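In the block that follows, a single chain appears as structure tokens, in the form deposited in one PDB entry.
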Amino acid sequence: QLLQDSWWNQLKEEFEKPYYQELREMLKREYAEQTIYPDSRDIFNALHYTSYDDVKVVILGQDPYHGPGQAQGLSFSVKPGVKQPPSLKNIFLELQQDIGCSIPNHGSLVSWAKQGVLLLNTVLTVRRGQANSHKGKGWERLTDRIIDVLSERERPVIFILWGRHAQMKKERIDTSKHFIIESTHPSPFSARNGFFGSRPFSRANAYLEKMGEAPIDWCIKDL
């Protein structure tokens, strides 16, 4: 059993499939033979922090950060002591305009995860220094499944879909129940084209205000 019961009751069948066994053998080799991020114990951290029952918001990312000391097994987040990726910085600038929060002196989003924000990357491992190096090795099939089981959940989920790849997931989601907040990506590449001004945090809390749920405290506090 790799995950807590709330997730494992939904996903155990995926872990038994040939594609996962192949992925698991491939990762055993790569963790032994070269530098893979995040640390192997951290691969599923998004799901460890936020249980299936606790999920309120899903923020989809691509693959893990590929530099030393960055990834934590969470989309967008970095560990403490590390500088903020430009996508994260930009996220904090929009948060500041939207909610008012000051920018933190670290880029760890663990507080969001603890409040029900699922920080899911669609690919869960990467070789150091090599973007998208574990693309197409099986992760995308598993994370599509994670989206499927969230779509099937009775209680409504708010999906934040930044950029074109995340928006492709809309087809998997049942929009008669769930809420979609989508924009261009926060990356300095795509940010000024639809992320800034979109007010994604204010808009999620509103979707929570509406379902009788507690809002997220989207502000992080300094170390």
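Residues carry their position along the shown sequence, with the first being 1.
In what follows, reference is made to the form solved in complex with a partner chain, a form of this protein that is not presented.
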Residue-level contact is defined here as any heavy atom of the residue lying within 4.5 Å of its partner chain in the deposited complex; does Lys169 satisfy this criterion?
no
Contact test in the deposited complex: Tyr65 vs its partner chain, heavy atoms, 4.5 Å:
yes
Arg153, heavy atom within 4.5 angstroms of its partner chain in the deposited complex:
no
Please determine whether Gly197 contacts its partner chain in the deposited complex, using a 4.5 Å cut-off between heavy atoms.
no
Using a 4.5 Å heavy atom cut-off, which of 186-194, 169-177, 52-60, 28-36 contacts its partner chain in the deposited complex?
186-194
Quick one: of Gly138, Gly116, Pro85, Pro104, which gets a non-hydrogen atom within 4.5 angstroms of its partner chain in the deposited complex?
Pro85
